[PDB]
Structure formats: C-alpha cells, structure tokens
Amino acid sequence: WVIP
Amino acid sequence: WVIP
Amino acid sequence: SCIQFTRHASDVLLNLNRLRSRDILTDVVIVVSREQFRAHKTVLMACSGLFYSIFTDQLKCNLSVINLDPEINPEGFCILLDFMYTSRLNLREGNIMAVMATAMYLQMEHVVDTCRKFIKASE
Amino acid sequence: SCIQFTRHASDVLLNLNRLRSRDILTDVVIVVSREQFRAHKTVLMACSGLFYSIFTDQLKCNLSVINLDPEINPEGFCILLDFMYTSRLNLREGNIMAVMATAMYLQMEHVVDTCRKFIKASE
Ligand SMILES: N#Cc1cnn2c(Nc3ccc4c(c3)CC(=O)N4)cc(Cl)nc12
Ligand SMILES: N#Cc1cnn2c(Nc3ccc4c(c3)CC(=O)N4)cc(Cl)nc12
Ligand SMILES: [Cl-]
Ligand SMILES: [Cl-]
C-alpha cells in the first residue's frame with residue numbers, strides 16, 4: 001500500500 | 001514497454 | 001521472449017471503471033439494505049473471494065440480483081466497490097471499522113490486512 | 001486522502017485471464033477466418049478502440065458473435081487477445097507485420113507504436  |  | 005506494457009493493467013481497470021460509471025454491460029445489482037450497486041460480475045469475482053464463490057456457483061451465476069447480509073454497511077460496500085474498480089481505498093477514522101468488517105465478509109485479504117495495521121497503530 | 005494497493009490492477013487482470021482460460025462469463029465469440037476466440041466484451045472494449053466502438057453500438061452490443069475482416073490474421077489476433085488479458089506481447093520477427101496490421105485494425109495505439117519502433121530498428 002502507498003500514498004498515490 | 002519493458003523486458004519483464 | 002514477450003515484451004510488457006507497464007501501464008496496461010491500470011489502463012484496463014480505468015476503462016472498466018468508466019463502463020461502471022456509464023452503466024455499460026453491468027450484469028448484476030448488489031443490494032445492501034436500502035441501497036443498490038450495479039457492477040460487472042467478472043470484476044467482482046476478480047476482487048473478492050465471496051463473489052468468486054457466488055458467481056462460480058451453477059445457480060447463483062445466473063442471478064441478476066444478489067442480496068448481502070443485513071449487517072453489511074452500504075458505505076463500507078461503496079468504498080470497497082470503488083477500491084475494486086480503482087485500486088484506491090478511501091480509509092478514514094470514521095469508516096475503518098465498517099470497511100474492515102465488509103472486507104472480511106467479501107474476503108478481500110489485502111484490504112483486511114491494512115485495516116488491521118491502521119487500527120493497531122491507533123491503539 | 002485515499003491509499004492505493006500497487007498490485008491491485010495486475011491482480012484483477014490475472015483473474016480476468018483465469019476467467020477467460022476457464023471460459024467463465026465470456027459473452028462473445030470473435031471469428032477470425034476459420035478460428036474462434038471466446039472473450040469478455042468489457043475487456044475487449046477496455047483494450048481496443050474497434051471493440052469499444054462495436055460494443056457501444058445499440059445493435060452490435062447484443063451480438064454473441066463478431067466476424068472480423070477476412071484480411072485479419074488469426075495468429076496476430078491471438079497474440080493481441082493474449083496481450084489484452086496479460087500486458088505481455090509475443091512480438092517476433094515472423095509475426096511483427098501481422099501483429100502491427102491487426103493492432104491498427106483493432107485500434108490498439110501502444111502496440112502499433114512499438115511495432116513501428118521495432119520495424120524501424122531493423123531497416
Ligand atoms: N477463473 C477465475 C477467477 C476469477 N476470480 N478469481 C479469483 N478471485 C479471488 C478469490 C479469492 C480472493 C480474491 C479474488 C481476493 C482475495 O483476497 N481473496 C481467484 C481465482 Cl484462483 N480464480 C479466479
Ligand atoms: N465506458 C467505457 C469505456 C470502455 N472502454 N473504453 C475505451 N476503450 C478504448 C478506446 C480507444 C482505444 C483503447 C481503448 C486502446 C487504444 O489504443 N485506443 C475508451 C473510453 Cl474513453 N471509454 C471506455
Ligand atoms: Cl484486496
Ligand atoms: Cl494498446
């Protein structure tokens with residue numbers, strides 16, 4: 001999971 | 001396009 | 001010896017979400033209490049262990065309407081349906097419990113994982 | 001304020017290809033001369049300007065069979081259909097002309113681009  |  | 005187009009999978013998913021927004025080729029309505037959500041069975045199966053089980057069933061595969069358990073929160077389902085079609089999860093303090101419970105019911109393991117990690121960080 | 005799952009789009013496409021291999025929820029047969037290819041209309045539209053045009057048409061959207069132009073090469077179509085479902089293109093010296101012509105007909109601009117670049121390098 002990432003900060004887009 | 002890339003070499004997978 | 002294949003070559004691969006990096007953005008292809010993302011481009012496909014973007015167009016599947018455009019089809020959903022325009023209600024093109026949607027073949028099922030998911031009923032969550034008083035709310036209705038139109039979707040493509042193939043996308044639902046590809047994202048969810050629950051829908052994969054439902055739509056491989058020789059009788060349920062032909063249903064145009066699926067009713068979820070009355071304990072399922074419509075907003076939680078909406079957030080997860082948006083995630084299925086975009087890879088983006090609108091996870092907030094006010095919705096995390098509903099999102100995690102809906103993801104457990106829908107058998108969306110990666111979403112359950114992250115909800116667990118976000119809750120653990122706040123305790 | 002969304003979070004994003006990096007591998008989600010690839011995971012969706014992998015499951016759509018599994019559905020195609022098992023012939024689950026395929027709703028169209030594409031006829032290319034003597035050969036037949038089963039597929040999902042939604043994936044075809046998401047990948048191809050030609051299929052996007054065909055399946056948004058108020059009459060053609062309901063057809064279970066689509067016949068392509070007799071000049072279309074079945075192997076070229078097969079390679080492009082595999083690409084649609086996997087992001088992988090089996091581009092070879094012996095098939096590049098057929099792949100590029102099929103990609104032009106199907107309106108798959110990124111495939112046409114690369115075929116053009118690979119041909120230019122060999123001249
Ligand atoms: N054919 C086919 C096919 C269509 N969909 N699909 C799967 N869908 C699925 C099943 C379980 C889970 C998820 C997705 C996300 C998750 O957390 N669990 C799996 C397989 Cl093995 N195959 C298929
Ligand atoms: N709704 C919808 C929807 C479903 N599919 N789709 C598009 N599919 C497409 C159209 C043209 C081209 C390609 C894909 C690959 C290419 O080279 N050209 C576009 C839009 Cl703007 N919208 C949609
Ligand atoms: Cl997931
Ligand atoms: Cl393309």
# chains A, B, ... in the order shown; residues from 1 in each chain; ligands from 1
call {"tool": "residues_near_ligand", "arguments": {"ligand": "ligand 4", "cutoff": "6 Å", "atoms": "only C-alpha atoms and all ligand atoms", "output": "list in words"}}
result
residues 108, 109, 110 and 111 of chain D
call {"tool": "write_last_selection", "arguments": {"atoms": "N, CA and C atoms", "output": "mmCIF file, in the first residue's frame"}}
result
data_model
loop_
_atom_site.group_PDB
_atom_site.id
_atom_site.type_symbol
_atom_site.label_atom_id
_atom_site.label_comp_id
_atom_site.auth_asym_id
_atom_site.auth_seq_id
_atom_site.Cartn_x
_atom_site.Cartn_y
_atom_site.Cartn_z
ATOM 1 N N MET D 108 -5.278 -0.328 -31.342
ATOM 2 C CA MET D 108 -4.501 -0.546 -30.126
ATOM 3 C C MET D 108 -3.193 0.205 -30.361
ATOM 4 N N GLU D 109 -3.259 1.524 -30.114
ATOM 5 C CA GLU D 109 -2.222 2.520 -30.409
ATOM 6 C C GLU D 109 -0.849 2.238 -29.793
ATOM 7 N N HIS D 110 -0.789 1.788 -28.517
ATOM 8 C CA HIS D 110 0.504 1.497 -27.874
ATOM 9 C C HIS D 110 1.214 0.311 -28.550
ATOM 10 N N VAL D 111 0.445 -0.712 -28.972
ATOM 11 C CA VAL D 111 1.007 -1.865 -29.694
ATOM 12 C C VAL D 111 1.504 -1.400 -31.075
#
call {"tool": "interface_residues", "arguments": {"of": "chain C", "to": "chain D", "cutoff": "9 Å", "atoms": "only C-alpha atoms", "output": "short mmCIF file (atom, residue, chain, number, x, y, z; two decimals) with C-alpha atoms, in the first residue's frame"}}
result
data_model
loop_
_atom_site.label_atom_id
_atom_site.label_comp_id
_atom_site.auth_asym_id
_atom_site.auth_seq_id
_atom_site.Cartn_x
_atom_site.Cartn_y
_atom_site.Cartn_z
CA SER C 1 10.53 -13.65 -25.01
CA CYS C 2 7.45 -11.33 -24.58
CA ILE C 3 7.72 -7.54 -24.04
CA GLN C 4 5.37 -5.96 -21.48
CA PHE C 5 3.44 -2.65 -21.40
CA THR C 6 3.79 -1.40 -17.77
CA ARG C 7 0.59 0.76 -17.69
CA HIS C 8 -1.68 -1.81 -19.49
CA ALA C 9 -3.35 -3.34 -16.34
CA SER C 10 -4.04 0.16 -14.87
CA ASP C 11 -5.45 1.36 -18.28
CA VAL C 12 -7.75 -1.71 -18.42
CA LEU C 13 -9.04 -1.05 -14.88
CA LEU C 14 -9.62 2.69 -15.65
CA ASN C 15 -11.80 1.67 -18.67
CA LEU C 16 -13.69 -0.94 -16.57
CA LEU C 19 -18.00 1.28 -18.09
CA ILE C 24 -22.42 -0.27 -19.76
CA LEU C 25 -22.54 -4.11 -19.73
CA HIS C 40 -19.75 -6.36 -13.59
CA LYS C 41 -19.74 -9.95 -12.19
CA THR C 42 -16.23 -10.58 -13.69
CA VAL C 43 -14.69 -7.61 -11.78
CA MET C 45 -15.09 -12.21 -8.83
CA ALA C 46 -11.59 -10.93 -9.68
CA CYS C 47 -11.52 -8.83 -6.43
CA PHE C 55 -20.61 -16.46 -9.37
CA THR C 56 -18.87 -19.90 -9.91
CA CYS C 61 -24.02 -17.38 -11.63
CA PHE C 83 -11.47 0.17 -4.50
CA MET C 84 -12.22 -2.87 -6.73
CA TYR C 85 -12.53 -0.59 -9.77
CA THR C 86 -9.68 1.90 -8.99
CA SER C 87 -7.05 0.32 -6.60
CA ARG C 88 -7.80 3.35 -4.30
CA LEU C 89 -9.16 2.86 -0.78
CA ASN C 90 -10.91 5.78 1.00
CA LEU C 91 -9.87 4.61 4.52
CA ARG C 92 -10.89 7.08 7.27
CA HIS C 110 -5.17 -7.21 1.33
CA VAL C 111 -7.82 -4.65 2.49
#
call {"tool": "residues_around", "arguments": {"residues": "residue 101 of chain C", "least_positions_apart": "4", "cutoff": "12 Å", "atoms": "only C-alpha atoms", "output": "PDB file with C-alpha atoms, in the first residue's frame"}}
result
ATOM      1  CA  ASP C  69     -26.125  -9.930   4.769  1.00  0.00           C
ATOM      2  CA  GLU C  71     -25.245  -6.499   8.875  1.00  0.00           C
ATOM      3  CA  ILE C  72     -23.248  -5.161   5.859  1.00  0.00           C
ATOM      4  CA  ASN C  73     -22.885  -1.370   5.874  1.00  0.00           C
ATOM      5  CA  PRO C  74     -23.761   0.300   2.470  1.00  0.00           C
ATOM      6  CA  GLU C  75     -20.994   2.952   2.792  1.00  0.00           C
ATOM      7  CA  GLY C  76     -18.405   0.237   3.605  1.00  0.00           C
ATOM      8  CA  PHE C  77     -19.565  -1.680   0.500  1.00  0.00           C
ATOM      9  CA  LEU C  80     -14.830  -1.393  -1.326  1.00  0.00           C
ATOM     10  CA  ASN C  95     -15.311   4.364   8.319  1.00  0.00           C
ATOM     11  CA  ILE C  96     -12.388   1.950   9.122  1.00  0.00           C
ATOM     12  CA  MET C  97     -14.456  -0.461  11.301  1.00  0.00           C
ATOM     13  CA  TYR C 105     -17.216 -10.629   4.616  1.00  0.00           C
ATOM     14  CA  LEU C 106     -16.183 -10.025   0.969  1.00  0.00           C
ATOM     15  CA  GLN C 107     -12.899 -11.966   1.554  1.00  0.00           C
ATOM     16  CA  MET C 108     -10.626  -9.111   0.369  1.00  0.00           C
ATOM     17  CA  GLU C 109      -7.488 -10.134   2.314  1.00  0.00           C
ATOM     18  CA  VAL C 111      -7.815  -4.654   2.489  1.00  0.00           C
ATOM     19  CA  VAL C 112      -8.347  -6.627   5.758  1.00  0.00           C
ATOM     20  CA  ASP C 113      -4.504  -6.506   6.246  1.00  0.00           C
ATOM     21  CA  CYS C 115      -7.268  -2.118   8.124  1.00  0.00           C
ATOM     22  CA  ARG C 116      -5.699  -4.342  10.861  1.00  0.00           C
TER      23      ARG C 116
END
call {"tool": "calpha_fit_and_write", "arguments": {"fixed": "chain D", "moving": "chain C", "output": "PDB file with C-alpha atoms, in the first residue's frame"}}
result
ATOM      1  CA  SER C   1      -6.799  11.110   1.037  1.00  0.00           C
ATOM      2  CA  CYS C   2      -7.079   7.523  -0.425  1.00  0.00           C
ATOM      3  CA  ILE C   3      -4.327   4.869  -0.035  1.00  0.00           C
ATOM      4  CA  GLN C   4      -3.540   2.703  -3.078  1.00  0.00           C
ATOM      5  CA  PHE C   5      -2.675  -1.011  -3.477  1.00  0.00           C
ATOM      6  CA  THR C   6       0.102  -1.079  -6.146  1.00  0.00           C
ATOM      7  CA  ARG C   7      -0.516  -4.677  -7.399  1.00  0.00           C
ATOM      8  CA  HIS C   8      -4.372  -4.426  -7.485  1.00  0.00           C
ATOM      9  CA  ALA C   9      -4.779  -3.678 -11.267  1.00  0.00           C
ATOM     10  CA  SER C  10      -2.337  -6.518 -12.204  1.00  0.00           C
ATOM     11  CA  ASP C  11      -4.170  -8.944  -9.793  1.00  0.00           C
ATOM     12  CA  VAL C  12      -7.534  -8.012 -11.385  1.00  0.00           C
ATOM     13  CA  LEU C  13      -6.172  -8.637 -14.905  1.00  0.00           C
ATOM     14  CA  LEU C  14      -4.629 -12.010 -13.841  1.00  0.00           C
ATOM     15  CA  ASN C  15      -8.092 -13.126 -12.549  1.00  0.00           C
ATOM     16  CA  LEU C  16      -9.812 -11.870 -15.758  1.00  0.00           C
ATOM     17  CA  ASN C  17      -7.345 -14.034 -17.736  1.00  0.00           C
ATOM     18  CA  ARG C  18      -8.138 -17.031 -15.418  1.00  0.00           C
ATOM     19  CA  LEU C  19     -11.879 -16.497 -16.190  1.00  0.00           C
ATOM     20  CA  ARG C  20     -11.054 -16.464 -19.954  1.00  0.00           C
ATOM     21  CA  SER C  21      -8.995 -19.734 -19.670  1.00  0.00           C
ATOM     22  CA  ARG C  22     -11.897 -21.447 -17.794  1.00  0.00           C
ATOM     23  CA  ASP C  23     -14.486 -19.893 -20.208  1.00  0.00           C
ATOM     24  CA  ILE C  24     -16.381 -18.323 -17.259  1.00  0.00           C
ATOM     25  CA  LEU C  25     -18.779 -15.427 -18.060  1.00  0.00           C
ATOM     26  CA  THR C  26     -17.384 -14.995 -21.613  1.00  0.00           C
ATOM     27  CA  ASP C  27     -20.197 -13.313 -23.611  1.00  0.00           C
ATOM     28  CA  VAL C  28     -18.773 -13.118 -27.158  1.00  0.00           C
ATOM     29  CA  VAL C  29     -17.012 -15.235 -29.810  1.00  0.00           C
ATOM     30  CA  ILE C  30     -14.666 -13.337 -32.165  1.00  0.00           C
ATOM     31  CA  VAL C  31     -14.460 -15.125 -35.540  1.00  0.00           C
ATOM     32  CA  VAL C  32     -11.204 -14.613 -37.482  1.00  0.00           C
ATOM     33  CA  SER C  33     -11.445 -16.668 -40.724  1.00  0.00           C
ATOM     34  CA  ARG C  34     -11.555 -20.406 -39.659  1.00  0.00           C
ATOM     35  CA  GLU C  35     -10.723 -19.649 -35.992  1.00  0.00           C
ATOM     36  CA  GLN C  36     -12.887 -18.731 -32.953  1.00  0.00           C
ATOM     37  CA  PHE C  37     -11.873 -16.816 -29.811  1.00  0.00           C
ATOM     38  CA  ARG C  38     -14.084 -16.511 -26.727  1.00  0.00           C
ATOM     39  CA  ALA C  39     -13.702 -13.317 -24.671  1.00  0.00           C
ATOM     40  CA  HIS C  40     -15.380 -10.840 -22.306  1.00  0.00           C
ATOM     41  CA  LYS C  41     -16.876  -7.813 -24.161  1.00  0.00           C
ATOM     42  CA  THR C  42     -15.838  -5.469 -21.265  1.00  0.00           C
ATOM     43  CA  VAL C  43     -12.123  -6.459 -21.561  1.00  0.00           C
ATOM     44  CA  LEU C  44     -12.220  -6.155 -25.413  1.00  0.00           C
ATOM     45  CA  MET C  45     -13.714  -2.608 -25.125  1.00  0.00           C
ATOM     46  CA  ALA C  46     -11.192  -1.616 -22.426  1.00  0.00           C
ATOM     47  CA  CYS C  47      -8.255  -2.580 -24.754  1.00  0.00           C
ATOM     48  CA  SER C  48      -9.416  -1.768 -28.274  1.00  0.00           C
ATOM     49  CA  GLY C  49     -10.864   1.317 -29.973  1.00  0.00           C
ATOM     50  CA  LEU C  50     -12.554  -1.001 -32.522  1.00  0.00           C
ATOM     51  CA  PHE C  51     -14.347  -3.141 -29.869  1.00  0.00           C
ATOM     52  CA  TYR C  52     -15.154  -0.010 -27.804  1.00  0.00           C
ATOM     53  CA  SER C  53     -16.989   1.360 -30.921  1.00  0.00           C
ATOM     54  CA  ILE C  54     -18.682  -2.033 -31.694  1.00  0.00           C
ATOM     55  CA  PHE C  55     -19.984  -2.799 -28.202  1.00  0.00           C
ATOM     56  CA  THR C  56     -21.276   0.805 -27.521  1.00  0.00           C
ATOM     57  CA  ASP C  57     -23.422   0.415 -30.660  1.00  0.00           C
ATOM     58  CA  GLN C  58     -27.106  -0.047 -29.636  1.00  0.00           C
ATOM     59  CA  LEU C  59     -27.474  -3.147 -32.004  1.00  0.00           C
ATOM     60  CA  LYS C  60     -23.973  -4.726 -32.014  1.00  0.00           C
ATOM     61  CA  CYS C  61     -23.770  -4.601 -28.150  1.00  0.00           C
ATOM     62  CA  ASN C  62     -26.220  -7.590 -28.070  1.00  0.00           C
ATOM     63  CA  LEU C  63     -24.431  -9.838 -30.618  1.00  0.00           C
ATOM     64  CA  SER C  64     -22.919 -13.100 -29.330  1.00  0.00           C
ATOM     65  CA  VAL C  65     -20.720 -13.466 -32.479  1.00  0.00           C
ATOM     66  CA  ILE C  66     -18.491 -10.809 -34.181  1.00  0.00           C
ATOM     67  CA  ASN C  67     -16.801 -11.558 -37.527  1.00  0.00           C
ATOM     68  CA  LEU C  68     -13.597  -9.669 -38.245  1.00  0.00           C
ATOM     69  CA  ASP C  69     -12.388  -8.549 -41.701  1.00  0.00           C
ATOM     70  CA  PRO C  70     -11.124 -11.610 -43.739  1.00  0.00           C
ATOM     71  CA  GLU C  71      -7.714  -9.884 -44.103  1.00  0.00           C
ATOM     72  CA  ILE C  72      -7.161 -10.261 -40.304  1.00  0.00           C
ATOM     73  CA  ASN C  73      -4.615 -12.955 -39.427  1.00  0.00           C
ATOM     74  CA  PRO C  74      -5.828 -15.412 -36.664  1.00  0.00           C
ATOM     75  CA  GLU C  75      -2.340 -15.705 -35.067  1.00  0.00           C
ATOM     76  CA  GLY C  76      -1.995 -11.883 -34.980  1.00  0.00           C
ATOM     77  CA  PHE C  77      -5.422 -11.697 -33.282  1.00  0.00           C
ATOM     78  CA  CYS C  78      -4.454 -14.471 -30.831  1.00  0.00           C
ATOM     79  CA  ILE C  79      -1.230 -12.608 -29.848  1.00  0.00           C
ATOM     80  CA  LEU C  80      -3.229  -9.370 -29.330  1.00  0.00           C
ATOM     81  CA  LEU C  81      -6.012 -11.084 -27.343  1.00  0.00           C
ATOM     82  CA  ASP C  82      -3.291 -12.644 -25.068  1.00  0.00           C
ATOM     83  CA  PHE C  83      -1.778  -9.115 -24.684  1.00  0.00           C
ATOM     84  CA  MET C  84      -5.199  -7.648 -23.728  1.00  0.00           C
ATOM     85  CA  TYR C  85      -5.512 -10.160 -20.876  1.00  0.00           C
ATOM     86  CA  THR C  86      -1.844 -10.199 -19.667  1.00  0.00           C
ATOM     87  CA  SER C  87       0.002  -6.925 -20.673  1.00  0.00           C
ATOM     88  CA  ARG C  88       2.535  -9.287 -22.433  1.00  0.00           C
ATOM     89  CA  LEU C  89       3.138  -9.083 -26.187  1.00  0.00           C
ATOM     90  CA  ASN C  90       4.723 -12.060 -28.010  1.00  0.00           C
ATOM     91  CA  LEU C  91       6.398  -9.872 -30.700  1.00  0.00           C
ATOM     92  CA  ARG C  92       8.638 -11.874 -33.071  1.00  0.00           C
ATOM     93  CA  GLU C  93      10.329 -11.312 -36.470  1.00  0.00           C
ATOM     94  CA  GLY C  94       7.965 -13.872 -38.060  1.00  0.00           C
ATOM     95  CA  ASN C  95       4.773 -12.289 -36.668  1.00  0.00           C
ATOM     96  CA  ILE C  96       5.504  -8.497 -36.350  1.00  0.00           C
ATOM     97  CA  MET C  97       3.837  -7.496 -39.675  1.00  0.00           C
ATOM     98  CA  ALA C  98       0.626  -9.461 -38.815  1.00  0.00           C
ATOM     99  CA  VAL C  99       0.630  -8.089 -35.194  1.00  0.00           C
ATOM    100  CA  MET C 100       1.028  -4.437 -36.362  1.00  0.00           C
ATOM    101  CA  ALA C 101      -1.728  -4.781 -39.060  1.00  0.00           C
ATOM    102  CA  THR C 102      -4.085  -6.435 -36.507  1.00  0.00           C
ATOM    103  CA  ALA C 103      -3.264  -3.732 -33.877  1.00  0.00           C
ATOM    104  CA  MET C 104      -4.014  -0.965 -36.461  1.00  0.00           C
ATOM    105  CA  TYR C 105      -7.389  -2.604 -37.281  1.00  0.00           C
ATOM    106  CA  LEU C 106      -8.192  -3.121 -33.564  1.00  0.00           C
ATOM    107  CA  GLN C 107      -7.059   0.487 -32.793  1.00  0.00           C
ATOM    108  CA  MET C 108      -4.501  -0.546 -30.126  1.00  0.00           C
ATOM    109  CA  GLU C 109      -2.222   2.521 -30.409  1.00  0.00           C
ATOM    110  CA  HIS C 110       0.505   1.498 -27.874  1.00  0.00           C
ATOM    111  CA  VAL C 111       1.007  -1.865 -29.694  1.00  0.00           C
ATOM    112  CA  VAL C 112       1.097  -0.058 -33.098  1.00  0.00           C
ATOM    113  CA  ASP C 113       3.786   2.285 -31.582  1.00  0.00           C
ATOM    114  CA  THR C 114       6.122  -0.318 -30.572  1.00  0.00           C
ATOM    115  CA  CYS C 115       5.689  -2.428 -33.724  1.00  0.00           C
ATOM    116  CA  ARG C 116       6.659   0.754 -35.682  1.00  0.00           C
ATOM    117  CA  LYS C 117       9.768   1.276 -33.473  1.00  0.00           C
ATOM    118  CA  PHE C 118      10.846  -2.415 -33.763  1.00  0.00           C
ATOM    119  CA  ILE C 119      10.478  -2.352 -37.614  1.00  0.00           C
ATOM    120  CA  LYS C 120      12.403   0.999 -37.875  1.00  0.00           C
ATOM    121  CA  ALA C 121      15.333  -0.532 -35.885  1.00  0.00           C
ATOM    122  CA  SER C 122      15.632  -3.455 -38.397  1.00  0.00           C
ATOM    123  CA  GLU C 123      15.744  -1.149 -41.520  1.00  0.00           C
TER     124      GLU C 123
END
call {"tool": "atom_distance", "arguments": {"atom1": "atom CA of residue 2 of chain A", "atom2": "atom 13 (C, counted along the ligand's line) of ligand 1"}}
result
19.9 Å
call {"tool": "atom_distance", "arguments": {"atom1": "atom CA of residue 1 of chain A", "atom2": "atom 7 (C, counted along the ligand's line) of ligand 1"}}
result
20.1 Å
call {"tool": "decode", "arguments": {"residues": "segment 78-99 of chain C", "atoms": "N, CA and C atoms", "output": "mmCIF file, in the first residue's frame"}}
result
data_model
loop_
_atom_site.group_PDB
_atom_site.id
_atom_site.type_symbol
_atom_site.label_atom_id
_atom_site.label_comp_id
_atom_site.auth_asym_id
_atom_site.auth_seq_id
_atom_site.Cartn_x
_atom_site.Cartn_y
_atom_site.Cartn_z
ATOM 1 N N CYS C 78 -19.734 0.495 -0.602
ATOM 2 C CA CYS C 78 -19.444 1.505 -1.617
ATOM 3 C C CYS C 78 -17.942 1.793 -1.738
ATOM 4 N N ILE C 79 -17.275 1.965 -0.592
ATOM 5 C CA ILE C 79 -15.829 2.223 -0.502
ATOM 6 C C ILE C 79 -15.065 1.037 -1.115
ATOM 7 N N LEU C 80 -15.503 -0.200 -0.804
ATOM 8 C CA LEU C 80 -14.830 -1.393 -1.326
ATOM 9 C C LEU C 80 -15.076 -1.613 -2.799
ATOM 10 N N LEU C 81 -16.291 -1.293 -3.288
ATOM 11 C CA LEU C 81 -16.608 -1.399 -4.713
ATOM 12 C C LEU C 81 -15.753 -0.392 -5.501
ATOM 13 N N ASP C 82 -15.612 0.852 -4.980
ATOM 14 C CA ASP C 82 -14.751 1.888 -5.583
ATOM 15 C C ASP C 82 -13.300 1.383 -5.638
ATOM 16 N N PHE C 83 -12.816 0.763 -4.541
ATOM 17 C CA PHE C 83 -11.473 0.166 -4.497
ATOM 18 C C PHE C 83 -11.296 -0.905 -5.590
ATOM 19 N N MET C 84 -12.280 -1.810 -5.722
ATOM 20 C CA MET C 84 -12.216 -2.872 -6.731
ATOM 21 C C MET C 84 -11.936 -2.295 -8.116
ATOM 22 N N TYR C 85 -12.634 -1.220 -8.461
ATOM 23 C CA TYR C 85 -12.527 -0.595 -9.774
ATOM 24 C C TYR C 85 -11.419 0.438 -9.932
ATOM 25 N N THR C 86 -10.700 0.811 -8.853
ATOM 26 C CA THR C 86 -9.685 1.899 -8.986
ATOM 27 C C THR C 86 -8.333 1.643 -8.330
ATOM 28 N N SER C 87 -8.242 0.645 -7.425
ATOM 29 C CA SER C 87 -7.046 0.317 -6.604
ATOM 30 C C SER C 87 -6.905 1.312 -5.437
ATOM 31 N N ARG C 88 -7.821 2.300 -5.333
ATOM 32 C CA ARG C 88 -7.796 3.352 -4.297
ATOM 33 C C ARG C 88 -8.806 3.088 -3.203
ATOM 34 N N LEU C 89 -8.337 3.135 -1.948
ATOM 35 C CA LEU C 89 -9.164 2.860 -0.777
ATOM 36 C C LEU C 89 -9.331 4.112 0.076
ATOM 37 N N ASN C 90 -10.584 4.589 0.197
ATOM 38 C CA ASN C 90 -10.906 5.777 0.997
ATOM 39 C C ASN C 90 -11.062 5.358 2.475
ATOM 40 N N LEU C 91 -9.926 5.088 3.135
ATOM 41 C CA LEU C 91 -9.871 4.612 4.518
ATOM 42 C C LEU C 91 -9.751 5.786 5.461
ATOM 43 N N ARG C 92 -10.774 5.956 6.317
ATOM 44 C CA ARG C 92 -10.887 7.075 7.266
ATOM 45 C C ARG C 92 -11.197 6.572 8.668
ATOM 46 N N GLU C 93 -10.891 7.390 9.690
ATOM 47 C CA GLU C 93 -11.186 7.038 11.091
ATOM 48 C C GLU C 93 -12.661 6.671 11.283
ATOM 49 N N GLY C 94 -13.553 7.466 10.685
ATOM 50 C CA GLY C 94 -14.997 7.269 10.787
ATOM 51 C C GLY C 94 -15.559 6.079 10.035
ATOM 52 N N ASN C 95 -14.793 5.502 9.083
ATOM 53 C CA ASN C 95 -15.311 4.364 8.319
ATOM 54 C C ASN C 95 -14.491 3.066 8.448
ATOM 55 N N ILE C 96 -13.300 3.110 9.084
ATOM 56 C CA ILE C 96 -12.388 1.950 9.122
ATOM 57 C C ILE C 96 -13.032 0.659 9.678
ATOM 58 N N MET C 97 -13.811 0.743 10.759
ATOM 59 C CA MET C 97 -14.456 -0.461 11.301
ATOM 60 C C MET C 97 -15.424 -1.098 10.298
ATOM 61 N N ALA C 98 -16.260 -0.273 9.630
ATOM 62 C CA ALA C 98 -17.213 -0.746 8.610
ATOM 63 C C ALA C 98 -16.477 -1.320 7.382
ATOM 64 N N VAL C 99 -15.389 -0.663 6.948
ATOM 65 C CA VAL C 99 -14.576 -1.122 5.799
ATOM 66 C C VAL C 99 -13.954 -2.492 6.115
#
